[PDB]
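Beneath this line is the structure, given in structure tokens, with notes to follow.
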Amino acid sequence: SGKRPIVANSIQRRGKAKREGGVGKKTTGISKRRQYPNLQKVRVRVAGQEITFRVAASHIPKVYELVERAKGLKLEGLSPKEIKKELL
Amino acid sequence: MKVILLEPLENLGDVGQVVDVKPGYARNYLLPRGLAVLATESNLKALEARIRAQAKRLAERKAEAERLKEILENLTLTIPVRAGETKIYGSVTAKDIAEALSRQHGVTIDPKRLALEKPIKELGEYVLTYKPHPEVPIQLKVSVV
Amino acid sequence: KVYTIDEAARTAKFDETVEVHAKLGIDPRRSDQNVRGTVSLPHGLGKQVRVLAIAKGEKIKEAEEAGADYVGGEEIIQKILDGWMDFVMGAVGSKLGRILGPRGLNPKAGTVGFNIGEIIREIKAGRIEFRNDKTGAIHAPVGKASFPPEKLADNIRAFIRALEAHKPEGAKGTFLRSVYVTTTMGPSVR
RNA sequence: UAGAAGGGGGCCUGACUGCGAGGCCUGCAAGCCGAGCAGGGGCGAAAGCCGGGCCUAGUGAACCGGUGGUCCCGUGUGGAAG
RNA sequence: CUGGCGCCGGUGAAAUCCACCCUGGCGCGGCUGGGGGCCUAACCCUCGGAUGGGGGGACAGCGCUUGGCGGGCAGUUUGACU
RNA sequence: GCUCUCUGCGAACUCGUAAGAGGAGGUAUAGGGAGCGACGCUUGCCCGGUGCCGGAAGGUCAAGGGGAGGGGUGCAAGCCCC
RNA sequence: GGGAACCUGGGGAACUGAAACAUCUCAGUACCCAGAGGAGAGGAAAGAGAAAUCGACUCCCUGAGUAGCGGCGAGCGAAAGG
RNA sequence: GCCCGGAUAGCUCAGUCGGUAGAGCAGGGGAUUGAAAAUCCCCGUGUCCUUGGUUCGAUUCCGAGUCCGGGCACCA
Ligand SMILES: [Mg+2]
Ligand SMILES: [Mg+2]
Ligand SMILES: [Mg+2]
Ligand SMILES: [Mg+2]
Ligand SMILES: [Mg+2]
Ligand SMILES: [Mg+2]
Ligand SMILES: [Mg+2]
Ligand SMILES: [Mg+2]
Ligand SMILES: [Mg+2]
Ligand SMILES: [Mg+2]
Ligand SMILES: [Mg+2]
Ligand SMILES: [Mg+2]
Ligand SMILES: [Mg+2]
Ligand SMILES: [Mg+2]
Ligand SMILES: [Mg+2]
Ligand SMILES: [Mg+2]
Ligand SMILES: [Mg+2]
Ligand SMILES: [Mg+2]
Ligand SMILES: [Mg+2]
Ligand SMILES: [Mg+2]
Ligand SMILES: [Mg+2]
Ligand SMILES: [Mg+2]
Ligand SMILES: [Mg+2]
Ligand SMILES: [Mg+2]
Ligand SMILES: [Mg+2]
Ligand SMILES: [Mg+2]
Ligand SMILES: [Mg+2]
Ligand SMILES: [Mg+2]
Ligand SMILES: [Mg+2]
Ligand SMILES: [Mg+2]
Ligand SMILES: [Mg+2]
Ligand SMILES: [Mg+2]
Ligand SMILES: [Mg+2]
Ligand SMILES: [Mg+2]
Ligand SMILES: [Mg+2]
Ligand SMILES: [Mg+2]
Ligand SMILES: [Mg+2]
Ligand SMILES: [Mg+2]
Ligand SMILES: [Mg+2]
Ligand SMILES: [Mg+2]
Ligand SMILES: [Mg+2]
Ligand SMILES: [Mg+2]
Ligand SMILES: [Mg+2]
Ligand SMILES: [Mg+2]
Ligand SMILES: [Mg+2]
Ligand SMILES: [Mg+2]
Ligand SMILES: [Mg+2]
Ligand SMILES: [Mg+2]
Ligand SMILES: [Mg+2]
Ligand SMILES: [Mg+2]
Ligand SMILES: [Mg+2]
Ligand SMILES: [Mg+2]
Ligand SMILES: [Mg+2]
Ligand SMILES: [Mg+2]
Ligand SMILES: [Mg+2]
Ligand SMILES: [Mg+2]
Ligand SMILES: [Mg+2]
Ligand SMILES: [Mg+2]
Ligand SMILES: [Mg+2]
Ligand SMILES: [Mg+2]
Ligand SMILES: [Mg+2]
Ligand SMILES: [Mg+2]
Ligand SMILES: [Mg+2]
Ligand SMILES: [Mg+2]
Ligand SMILES: [Mg+2]
Ligand SMILES: [Mg+2]
Ligand SMILES: [Mg+2]
Ligand SMILES: [Mg+2]
Ligand SMILES: [Mg+2]
Ligand SMILES: [Mg+2]
Ligand SMILES: [Mg+2]
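Each protein sequence line maps, in turn, to chains F, V and B. Per my numbering, the very first residue in the first sequence carries number 1; after that it's consecutive. Per my numbering, the very first residue in the second sequence carries number 89; after that it's consecutive. Per my numbering, the very first residue in the third sequence carries number 234; after that it's consecutive.
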């Protein structure tokens, strides 16, 4: 949907199998349909000033580490690029 | 979540105490209210700093209170207090028990730290104790003339 | 400790009250237990076992001088039968039904030593040393032991009561050691 | 078909293992008969008969699996998984 | 033990005391689980423009995963002889 | 015009992947869905089967929790598996 | 912003084939979108695979319709090595 | 094909962490009753499925066998 640090979201398939297991008798497959795995997003408000990121919430922590950096710069309204960028 | 507390808390109070909390708690209370920080090597070691640095810097007035006691313990001043038998004429205050000392040997003494309750005012052989913590009993030999 | 600490048994009287109480495991499938009759044992205990010989009126000279205190014959079969207090223990080998005066008035009695030459001899070994201790329904184990007179000698409980591990199917793990008695009891790896 | 394939009785388990000349039938693939050799057996004194049932219906390719078994294979080697 | 011995006489089986243990229960501890309340700080809604004040509140919402309902929609199948 | 029914408001319902919009700058004397169809007189019996609503019990139930017990290996601790 | 094809990435059909059809096939094709440039891509081993071995990558010829994959159907189809 | 419970009086079902076999109903004998019920009394009958084994002995405890009833998954 976005990603911030991390990155985007794949597009998985499917498996409708109706069968034994291969540990009794065979096991056939009903249908493959195109699924879409959205990237478990989630939002973060942070103190750098009054900032907001949309961390892939598996990296939420990275938000802070990135906050744990006093790059020495007053207002700019966003000051995210530096953050989200002078990042790594 | 390993974090270092600042303000004293219940079940986890002693500041600088590294304690493990709920990710959430750390994130949305302790940390936001600045009651603690992320036990990150950065801060963690920087903590150790304020640890030793002061763990000895305060153990300083402890190394000198011992390299002091070994002298005022054996040394007595002896004040030339102008008096007559018992009652003195002008009680001897610490400032004198200090002045007549610093300007008699060259040693510095707090006209308050000496741990004195009253300027005496009566000749004799007085022995006391300096301050703070471990004490060093300095004595005074007030004579006449 | 490590293996055992026989010396660890350091009050009372002659502490012969030593035992093997390590746990066990029920019977896997169709099975049970059974202690090897007179389990060899690297000791003798210095016991004057009152070994009984199911002899007759002919074996009354050696059946006594073979390691037994006293021995009776067949003039006590249905003689010590008119009292519930009148009656070791061997048995007439073969298919002989010794279970005539032994099938009624319940104790301990089964297989024994064989020798159709004489009840006594110089080769009369194993017949006053060790015995048995089988299934207890609740949990068998519970064996015997010497007394407070031996260092690593008392460590017979090992390759003996411990090596008893010979009869058993499979449906668990025969273990949970514990040795001693009449005072208290410790325990260590078997 | 009683000059027994029918009715009864005594012992049995050939309602075997390895095979299979030569044919019947036939588009294929199937189905059917089968003397004889070997092994180790049954019944009979013996000659002999015995690879189910007087005979023709009582049945279903492959694929996919399941239970066993075994000389085989088993991804660098050994063992396993298969 | 610091005053019961222990066989008793009988009973399938004998008592002191030590054990390991079967049955069931109780009492503190480890580690995992359920249900009830209270709160706020995330999240959500609002508030003469709030570094905030109200309301809701770990629920909702949303991500991943489970199973179910499911002509709302889709792809299809619905034999031959005659 | 009558009846049944959903909807307490960030309404239900519709469109859209979403943001958001319509509903409605409305608030149950309002919105949505359904059937009948001015008005008059009326609208019987049947909850077996289907649907819907209600039932903090039971039955069955997927992940997941749980690990009795077993297996593959190594000299082993172990690592792995059911 | 533009450019005949060619190129990389992100998305991504059906008809057909299977003599029906759903897995499978057509096919990662058609097309849509972003981007690159005279090319684009790839590229200095967390490689290959049995060789006391080889030594970035790409292209061609073989290897090979082999190994395998597959309602073990229709059909799909490598890599090492040279 | 796996996982559960079972087999006890004619019938429907109980139960000790081994010691007797018991309820409800049907059925028969009696009282009461306008009639028919409901009440009220006394019983009647057992290889506790079949085998072993456990124990001094077993409805029971365990192995195994057959019939019976419930639950779940496959089906070339
Ligand atoms: Mg199925
Ligand atoms: Mg994580
Ligand atoms: Mg940075
Ligand atoms: Mg990074
Ligand atoms: Mg008597
Ligand atoms: Mg036990
Ligand atoms: Mg015959
Ligand atoms: Mg032919
Ligand atoms: Mg026939
Ligand atoms: Mg015949
Ligand atoms: Mg097929
Ligand atoms: Mg198939
Ligand atoms: Mg390998
Ligand atoms: Mg191998
Ligand atoms: Mg007594
Ligand atoms: Mg214990
Ligand atoms: Mg127990
Ligand atoms: Mg129990
Ligand atoms: Mg309790
Ligand atoms: Mg309590
Ligand atoms: Mg509140
Ligand atoms: Mg608020
Ligand atoms: Mg939630
Ligand atoms: Mg349709
Ligand atoms: Mg089609
Ligand atoms: Mg069809
Ligand atoms: Mg037709
Ligand atoms: Mg409006
Ligand atoms: Mg309405
Ligand atoms: Mg309407
Ligand atoms: Mg109409
Ligand atoms: Mg009327
Ligand atoms: Mg009517
Ligand atoms: Mg109805
Ligand atoms: Mg109803
Ligand atoms: Mg309900
Ligand atoms: Mg589970
Ligand atoms: Mg599990
Ligand atoms: Mg192992
Ligand atoms: Mg351009
Ligand atoms: Mg397609
Ligand atoms: Mg198609
Ligand atoms: Mg087709
Ligand atoms: Mg068609
Ligand atoms: Mg060129
Ligand atoms: Mg180039
Ligand atoms: Mg490159
Ligand atoms: Mg290989
Ligand atoms: Mg090639
Ligand atoms: Mg292909
Ligand atoms: Mg090639
Ligand atoms: Mg079946
Ligand atoms: Mg049971
Ligand atoms: Mg029962
Ligand atoms: Mg019955
Ligand atoms: Mg019963
Ligand atoms: Mg019955
Ligand atoms: Mg009933
Ligand atoms: Mg009744
Ligand atoms: Mg009745
Ligand atoms: Mg009656
Ligand atoms: Mg009646
Ligand atoms: Mg009758
Ligand atoms: Mg009758
Ligand atoms: Mg009635
Ligand atoms: Mg009646
Ligand atoms: Mg009777
Ligand atoms: Mg009966
Ligand atoms: Mg019986
Ligand atoms: Mg009887
Ligand atoms: Mg079937």
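Where is the CB? At the ideal position from N, CA and C, for every residue including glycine.
### Query
Since residue 31/F is in the beta strand (DSSP E), which residue starts that stretch and which ends it?
28-31
### Query
So, are the CB atoms of residue 360/B and residue 346/B less than 7 Å apart?
yes
### Query
Over what stretch of residues does the beta strand (DSSP E) that includes residue 187/V continue unbroken?
Run containing residue 187/V: none in the beta strand (DSSP E); it sits in the alpha helix (DSSP H), 182-190.
### Message
Just verifying my parser: in three-state terms, what is the DSSP assignment at residue 278/V?
### Response
One cannot answer for residue 278/V here, as it falls past the ends of chain V, which runs 89 to 233.
### Query
With distances taken from CA atoms, which of 4/F, 68/F and 9/F is nearest residue 129/V?
68/F
### Task
Measure the alpha-carbon distance for residue 143/V versus residue 150/V and round it to whole angstroms.
Inter-residue distance for residue 143/V and residue 150/V is about 11 Å (C-alpha atoms, whole angstroms).
### Task
Could you tell me which residues DSSP pairs with residue 227/V in its beta bridges?
164/V and 215/V
### Query
chain V partners of residue 64/F, CB-CB under 7 Å?
126
### Query
At a cut-off of 6 Å, is residue 372/B close to ligand 6 when judged by its beta-carbon and the heavy atoms of the ligand?
yes
### Query
Alpha carbon to alpha carbon, what distance is there between residue 13/F and residue 31/F?
10 Å
### Query
Alpha carbon to alpha carbon, how far is residue 6/F from residue 115/V?
C-alpha separation (whole angstroms): 20 Å.
### Query
Assuming residue 431/B contacts residue 323/B under a Cβ cut-off of 8 Å, what Cβ separation, rounded to an integer in Å, is found between them?
It is not possible to answer for residue 431/B, since the shown part of chain B is limited to 234 through 423.
### Query
What are the boundary residues of the alpha helix (DSSP H) that residue 18/F is part of?
Per DSSP, residue 18/F belongs to no alpha helix (DSSP H); it is in the beta strand (DSSP E), 16-18.
### Query
Once you ignore the five residues that flank residue 125/V on each side, which residues in its own chain have a CB closer than 8 Å to its CB?
91, 92, 94, 119 and 131
### Message
Less than 7 Å between the beta carbons of residue 261/B and residue 402/B, yes or no?
### Response
yes
### Query
Looking at the unbroken alpha helix (DSSP H) that takes in residue 132/V, where does it start and where does it end?
129-145
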